[PDB]
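Undergrad: Top to bottom, those sequences are chains B, A and C. Heads up: the first sequence is residues 11 to 52, 87 to 153, going by PDB author numbering. Going by PDB author numbering, the first residue of the second sequence is number 13, and it counts up by one from there. Going by PDB author numbering, the first residue of the third sequence is number 12, and it counts up by one from there. The structure is given below, and queries will be raised subsequently.
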Amino acid sequence: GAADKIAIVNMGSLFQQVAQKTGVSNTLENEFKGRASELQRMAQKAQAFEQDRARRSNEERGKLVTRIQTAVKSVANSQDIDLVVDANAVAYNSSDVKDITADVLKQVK
Amino acid sequence: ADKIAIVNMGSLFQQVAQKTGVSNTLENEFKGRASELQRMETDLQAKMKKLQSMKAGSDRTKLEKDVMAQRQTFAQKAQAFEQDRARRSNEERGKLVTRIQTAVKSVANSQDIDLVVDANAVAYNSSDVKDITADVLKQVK
Amino acid sequence: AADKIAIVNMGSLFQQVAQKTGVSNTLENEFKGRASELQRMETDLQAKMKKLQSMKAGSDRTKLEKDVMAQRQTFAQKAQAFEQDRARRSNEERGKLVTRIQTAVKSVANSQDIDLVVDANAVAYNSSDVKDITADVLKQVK
């Protein structure tokens with residue numbers, strides 16, 4: 011079968027851990043505070093910057109997600125896994141359905 | 013090969029909320045501040061009705077000061093409330109999502125299911141993939 | 012005995028079947044009128060709340076206070092009813108698209124002996140021999 015061996019991965023948990031360890035949200039604070047700082051002082089320009097933090101946080105969102113997907117794929121191919129279901133979509137899994145979360149995290153680049 | 017089922021975890025969260033009394037626990041617990049608030053709101057209603065029929069005077073100018081004092085009493089009260097019910101709502105939610113999970117596991121070991129996927133994540137399931145929702149509600153404790 | 016699994020990208024089908032159907036221009040259209048009235052109602056309302064802060068107290072001030080209190084309650088009841096009209100109409104057209112797409116998902120599945128179609132959303136990885144049926148499903152949507 012094309013889907014013989016299945017696995018689950020905890021995307022939300024990898025997102026969180028990889029964010030913490032890269033600092034992205036610190037970085038995104040630093041990116042912006044000066045422009046908040048010099049505004050809580052000071087306004088259609090609080091909407092030109094509200095739509096900058098969106099576009100950027102999202103952008104940082106995506107880069108982390110694509111780095112984690114790469115990782116899922118390397119671990120799934122390296123262990124001959126055919127499908128990696130997202131954990132948040134799974135209410136139960138047997139041992140025949142391994143959780144690869146920690147293996148995946150270890151490969152994130 | 014892996015045997016697979018689905019569970020509707022939205023159509024089940026409300027069924028187990030009723031079944032377990034939690035839905036009504038939360039009800040009983042909040043009805044006091046919810047009566048405090050209704051009372052407070054029609055008191056207002058009727059004061060503002062009064063203000064639509066009062067002449068330029070200082071009686072009216074005053075009922076205006078008191079009704080703009082009541083309007084902030086009913087707003088520190090209405091989101092001390094909305095926040096405390098969303099936050100007990102979360103706890104009651106989190107606590108019984110695990111009742112449900114526990115029931116899902118028992119049902120999956122009963123029926124030899126290796127993977128139970130959430131319904132909202134599936135677009136189609138054949139008759140080889142069982143919807144175990146009703147079986148799960150039966151097992152919830 | 013192994014169940015045959017495929018994946019379908021619902022968010023893509025939805026946003027493609029939504030375009031082709033014009034539901035979104037149809038909802039903007041259905042509501043831009045009332046949106047505009049409510050906007051104009053708001054800024055004319057602002058103009059009054061401005062001139063009230065401006066006046067010396069007496070006959071005209073209370074007349075203005077009573078005009079505003081009454082417009083505020085008409086506005087609030089109208090914004091409310093526009094929200095529940097938007098929410099519900101969006102809700103319905105959402106459903107209509109869902110149903111039409113699911114019927115397509117069902118026929119392609121039956122036609123290819125598929126047992127479980129997972130939404131791509133929920134899949135972090137799949138081998139290339141587990142089929143993405145988004146395109147076949149799109150072609151069959153009526």
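Even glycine gets a Cβ: it sits at the ideal position worked out from N, Cα and C.
Please check the pair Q151 (chain C) and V119 (chain C), which I expect to be a contact at CB under 8 angstroms, by giving their CB distance rounded to whole angstroms.
TA: The residue given as residue 151 (chain C) occupies position 140 in the third sequence. The residue given as residue 119 (chain C) occupies position 108 in the third sequence. That belief holds up - the Cβ atoms of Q151 (chain C) and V119 (chain C) are roughly 6 angstroms apart, short of 8 angstroms.
Undergrad: Let me check understanding here. Comparing Cα to Cα, which of B:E39, B:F93, B:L24 lies closest to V109 (chain B)?
TA: The residue given as residue 109 (chain B) occupies position 65 in the first sequence. Nearest C-alpha to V109 (chain B): B:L24.
Undergrad: Which residues in chain B have a C-beta closer than 7 angstroms to the C-beta of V19 (chain A)? List them in chain order.
TA: Taking the first residue of the second sequence as position 1, residue 19 (chain A) is located at position 7. The contacting residues are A135.
Undergrad: Hey, does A146 (chain B) have any beta-carbon neighbour from chain C nearer than 7 angstroms?
TA: Mapped onto the first sequence, residue 146 (chain B) falls at position 102. No, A146 (chain B) does not count as interfacial toward chain C.
Undergrad: Tell me, please, whether the region 74 to 85 of chain A touches the region 136 to 151 of chain B by the rule of three or more beta-carbon pairs shorter than 8 angstroms.
TA: At 8 angstroms Cβ cutoff, the stretches do not touch.
Undergrad: In whole angstroms, what separates the C-alpha of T114 (chain A) from that of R45 (chain A)?
TA: Within the second sequence, residue 114 (chain A) is the residue found at index 102, counting from 1. Within the second sequence, residue 45 (chain A) is the residue found at index 33, counting from 1. The straight-line gap from Cα to Cα measures roughly 34 angstroms.
Undergrad: When Cβ atoms are compared, which residues of the region 100 to 128 of chain C fall closer than 9 angstroms to chain B?
TA: Residues passing the 9 angstroms Cβ filter: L127.
Undergrad: What residues match up with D130 (chain C) in a beta bridge as DSSP calls it?
TA: Looking up residue 130 (chain C) in the third sequence gives position 119. DSSP, once it has assigned bridges, lists C:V19 as partnering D130 (chain C).
Undergrad: Going by other Cβ atoms of all chains shown within 10 Å of its Cβ, with 16 needed for buried, is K77 (chain A) buried or exposed?
TA: Indexing the second sequence from 1 puts residue 77 (chain A) at position 65. Looking at its Cβ environment, which holds fewer than 16 other Cβ atoms inside 10 Å, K77 (chain A) is exposed.
Undergrad: Taking 7 angstroms as the cut-off, decide whether the C-beta atoms of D147 (chain C) and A135 (chain A) are in contact.
TA: Reading the third sequence from its first residue, position 136 is the one you call residue 147 (chain C). Reading the second sequence from its first residue, position 123 is the one you call residue 135 (chain A). No.
Undergrad: Please report the straight-line C-alpha distance between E53 (chain C) and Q123 (chain C), rounded to a whole angstrom.
TA: Your numbering for residue 53 (chain C) matches position 42 in the third sequence. Your numbering for residue 123 (chain C) matches position 112 in the third sequence. Each residue's alpha carbon lies about 56 angstroms from the other.
Undergrad: At a Cβ threshold of 7 angstroms, is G69 (chain C) touching chain A?
TA: For the purposes of this step, residue 69 (chain C) is taken as residue 58 along the third sequence, with counting starting at 1. Output row for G69 (chain C): interface = yes.
Undergrad: Near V28 (chain B), which residues of its chain fall below 8 angstroms by C-beta distance, leaving aside the five closest residues on each side in sequence?
TA: The sequence position of residue 28 (chain B) within the first sequence is 18, counting from 1. Closer than 8 angstroms at Cβ, skipping near neighbours: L108, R111, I112, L149, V152.
Undergrad: Out of C:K62, C:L63, C:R72, C:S65, which one is the CA nearest neighbour of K67 (chain A)?
TA: Along the second sequence, read from residue 1 onward, the residue named residue 67 (chain A) stands at position 55. With distances taken between Cα atoms, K67 (chain A) lies closest to C:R72.
Undergrad: Can you check which of these residues, C:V116, C:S35, C:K62, is closest to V19 (chain C) by C-alpha distance?
TA: Walking along the third sequence from the start, residue 19 (chain C) turns up at place 8. Ranking the options by Cα distance to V19 (chain C), first place goes to C:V116.
Undergrad: Can you name, in chain order, every residue of its own chain whose Cβ lies under 8 angstroms from the Cβ of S101 (chain C), other than the five neighbours on each side?
TA: Reading the third sequence from its first residue, position 90 is the one you call residue 101 (chain C). Cβ within range, chain order: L38.
Undergrad: Spell out whether any CB of chain C is found under 7 angstroms from the CB atom of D143 (chain A).
TA: Taking the second sequence and counting its residues from 1, one reaches residue 143 (chain A) at position 131. It does not; no Cβ of chain C falls within 7 angstroms.
Undergrad: For chain C, check one thing: does any of its Cβ atoms lie closer than 7 angstroms to the Cβ of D130 (chain B)?
TA: The residue labelled residue 130 (chain B) in the question sits at position 86 within the first sequence. Output row for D130 (chain B): interface = yes.
Undergrad: How big is the Cα-Cα spacing for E94 (chain C) and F42 (chain C)?
TA: Reading the third sequence from its first residue, position 83 is the one you call residue 94 (chain C). Reading the third sequence from its first residue, position 31 is the one you call residue 42 (chain C). Roughly 10 angstroms separates the two Cα atoms.
Undergrad: Please compile the residues from chain F whose C-beta is within a distance smaller than 9 angstroms of the C-beta of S138 (chain C).
TA: This model lacks chain F altogether, as its protein chains are B, A and C.
Undergrad: Have a look at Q50 (chain A) and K61 (chain A) and give me their C-alpha separation to the nearest angstrom.
TA: As a first step, residue 50 (chain A) must be located in the second sequence, where it is residue number 38. As a first step, residue 61 (chain A) must be located in the second sequence, where it is residue number 49. Cα-Cα distance, rounded: 17 angstroms.
Undergrad: When DSSP labels each residue in this structure, what does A135 (chain B) get in the three-state scheme?
TA: The residue labelled residue 135 (chain B) in the question sits at position 91 within the first sequence. Residue state, collapsed to three classes: strand.
Undergrad: Less than 8 angstroms between the CB atoms is what I'm expecting for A133 (chain A) and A133 (chain B), so what's the real figure, rounded?
TA: Here the question's residue 133 (chain A) lines up with position 121 in the second sequence. Here the question's residue 133 (chain B) lines up with position 89 in the first sequence. About 4 angstroms separates the two Cβ atoms, so the contact holds.
Undergrad: Go ahead and pull the three-state DSSP assignment for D143 (chain C).
TA: Numbered from 1 along the third sequence, position 132 holds the residue referred to as residue 143 (chain C). It is a strand residue.
Undergrad: Is the Cβ of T73 (chain C) closer than 7 angstroms to any Cβ of chain A?
TA: One-based indexing of the third sequence puts residue 73 (chain C) at position 62. Cβ-Cβ to chain A under 7 angstroms: yes for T73 (chain C).
Undergrad: Can you list, in chain order, the residues of the region 73 to 100 of chain C whose Cβ is nearer than 9 angstroms to any Cβ on chain A?
TA: Correct list: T73, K74, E76, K77, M80, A81, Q84.
Undergrad: Span of the alpha helix (DSSP H) holding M66 (chain C)?
TA: Walking along the third sequence from the start, residue 66 (chain C) turns up at place 55. Per DSSP, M66 (chain C) belongs to no alpha helix (DSSP H) and is neither H nor E.
Undergrad: If we ignore side chains and look at the alpha-carbon of each, how far apart do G69 (chain C) and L75 (chain C) end up?
TA: As a working mapping, residue 69 (chain C) is identified with position 58 in the third sequence. As a working mapping, residue 75 (chain C) is identified with position 64 in the third sequence. Between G69 (chain C) and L75 (chain C), the C-alpha separation is close to 10 angstroms.
Undergrad: Using beta-carbon positions only, say whether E104 (chain B) and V34 (chain B) come within less than 7 angstroms of one another.
TA: Start at 1 with the first residue of the first sequence, and residue 104 (chain B) comes out as number 60. Start at 1 with the first residue of the first sequence, and residue 34 (chain B) comes out as number 24. Yes, Cβ-Cβ distance for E104 (chain B) and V34 (chain B) is below 7 angstroms.
Undergrad: Just the Cα atoms here: how many angstroms apart are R97 (chain B) and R97 (chain A)?
TA: On the first sequence, residue 97 (chain B) is found 53 positions in, with the first residue counted as 1. On the second sequence, residue 97 (chain A) is found 85 positions in, with the first residue counted as 1. Their Cα atoms are separated by approximately 31 angstroms.
Undergrad: Count the other CB atoms, across all protein chains shown, that sit within 10 Å of the CB of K15 (chain A); report buried if there are 16 or more and exposed otherwise.
TA: Within the second sequence, the letter at position 3 stands for residue 15 (chain A). So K15 (chain A) counts as buried.
Undergrad: If we count the other Cβ atoms within 10 Å of its Cβ and call it buried at 16 or more, is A17 (chain B) buried or exposed?
TA: Reading the first sequence from its first residue, position 7 is the one you call residue 17 (chain B). Buried: at least 16 other Cβ atoms inside 10 Å.
Undergrad: From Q26 (chain C) to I144 (chain A), what distance separates their C-alpha atoms?
TA: For the purposes of this step, residue 26 (chain C) is identified with residue 15 of the third sequence, where counting begins at 1. For the purposes of this step, residue 144 (chain A) is identified with residue 132 of the second sequence, where counting begins at 1. Those two C-alpha atoms are separated by around 31 angstroms.
Undergrad: Please state the DSSP three-state secondary structure of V28 (chain C).
TA: Looking up residue 28 (chain C) in the third sequence gives position 17. Of the three classes helix, strand and coil, the one that applies to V28 (chain C) here is helix, per DSSP.
Undergrad: So, does the CB of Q151 (chain A) fall closer than 7 angstroms to a CB anywhere in chain C?
TA: Position 139 of the second sequence, counted from the first residue, corresponds to residue 151 (chain A). Answer no: the Cβ-Cβ gap between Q151 (chain A) and chain C never drops below 7 angstroms.
Undergrad: Roughly how many whole angstroms lie between the Cα atoms of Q30 (chain C) and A87 (chain B)?
TA: Residue numbering aside, residue 30 (chain C) sits at position 19 when the third sequence is read from its first letter. Residue numbering aside, residue 87 (chain B) sits at position 43 when the first sequence is read from its first letter. Going by the C-alpha atoms only, they are around 35 angstroms apart.
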